[PDB]
Amino acid sequence: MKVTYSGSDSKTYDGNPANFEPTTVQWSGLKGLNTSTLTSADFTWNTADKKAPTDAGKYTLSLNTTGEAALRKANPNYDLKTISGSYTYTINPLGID
């Protein structure tokens with residue numbers, strides 16, 4: 001009876017910004033919840049500039065207010081009063097032999 005999200009992903013450092021993939025986010029708590037309309041724009045990187053990072057490190061993203069509205073719109077039979085979650089994205093350092 002409580003909508004939650006979780007998930008994780010990673011890449012190896014390549015000097016390019018990370019590409020968050022919303023299909024790696026795992027949803028739970030409500031049978032039949034429609035998450036098919038969510039996009040990368042619906043989550044915000046919890047970084048200093050709120051942009052996708054490049055440097056090796058451990059980062060998180062959170063569903064933002066745009067994302068809350070999108071999820072609510074996709075589920076008209078419900079009044080989704082809480083949405084809680086955690087999502088971790090790691091950029092691993094590049095091995096140099």
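Note: hydrogens, waters and symmetry copies are ignored here, and every other heavy atom, side chains too, is used. Residue numbers start at 1 and run along the sequence shown.
- By the side chain to side chain contact (heavy atoms under 4.5 Å, CB included) test, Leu94 is found to be paired with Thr12, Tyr13, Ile96, residues two or more places apart in sequence or in another chain being considered.
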Check step by step if side chain to side chain contact (heavy atoms under 4.5 Å, CB included) holds for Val25 and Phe20. CA-CA 10 Å; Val25 179; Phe20 165 74; 3.6 Å; yes

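- With sequence neighbours left out, the side chain to side chain donor-acceptor pair (under 3.5 Å) criterion links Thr44 to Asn64.
- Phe43 is not listed as a side-chain neighbour of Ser62, based on a closest heavy-atom distance of 4.5 Å or more.
- A distance of 7.0 Å separates CG in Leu30 from CG in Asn75, rounded to the nearest 0.5 Å.
- Judged as a side chain to side chain contact (heavy atoms under 4.5 Å, CB included), and not counting sequence neighbours, the contacts of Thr24 are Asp9, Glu21, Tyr87.
- For the atom pair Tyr5 OH and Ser86 OG, the distance stands at 7.5 Å (nearest 0.5 Å).
- Qualifying side chain to side chain donor-acceptor pair (under 3.5 Å) partners for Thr54, counting only residues two or more places apart in sequence or in other chains: none.
- Applying the side chain to side chain donor-acceptor pair (under 3.5 Å) criterion to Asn34, with sequence neighbours excluded, gives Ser36.
- Counting only residues at least two apart or in different chains, salt bridge (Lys or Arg N to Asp or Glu O under 4.0 Å) contacts with residues 53-66 are absent.
- Judged as a side chain to side chain contact (heavy atoms under 4.5 Å, CB included), and not counting sequence neighbours, the contacts of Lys11 are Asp14, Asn16, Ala18, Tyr89, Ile91.
- Under the salt bridge (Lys or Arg N to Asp or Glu O under 4.0 Å) criterion, the residue pairs touching residues 70-89 are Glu68-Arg72, with sequence neighbours excluded.
- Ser10 contributes atom OG, which lies 13.0 Å from atom OH of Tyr59 (distance to the nearest 0.5 angstrom).
- With values rounded to the nearest 0.5 angstrom, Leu33 atom CG is found 7.0 Å from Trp27 atom CH2.
- Counting only residues at least two apart or on different chains, no salt bridge (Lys or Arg N to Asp or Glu O under 4.0 Å) pair has a member in residues 36-50.
- The line from OG1 of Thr66 to CG of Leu71 is 12.5 Å long, rounded to the nearest 0.5 Å.
- With sequence neighbours left out, the side chain to side chain donor-acceptor pair (under 3.5 Å) criterion links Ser8 to no other residue.
- If you take OG1 on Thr4 and CG on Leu63, they are separated by 12.0 Å, rounding to the nearest 0.5 Å.
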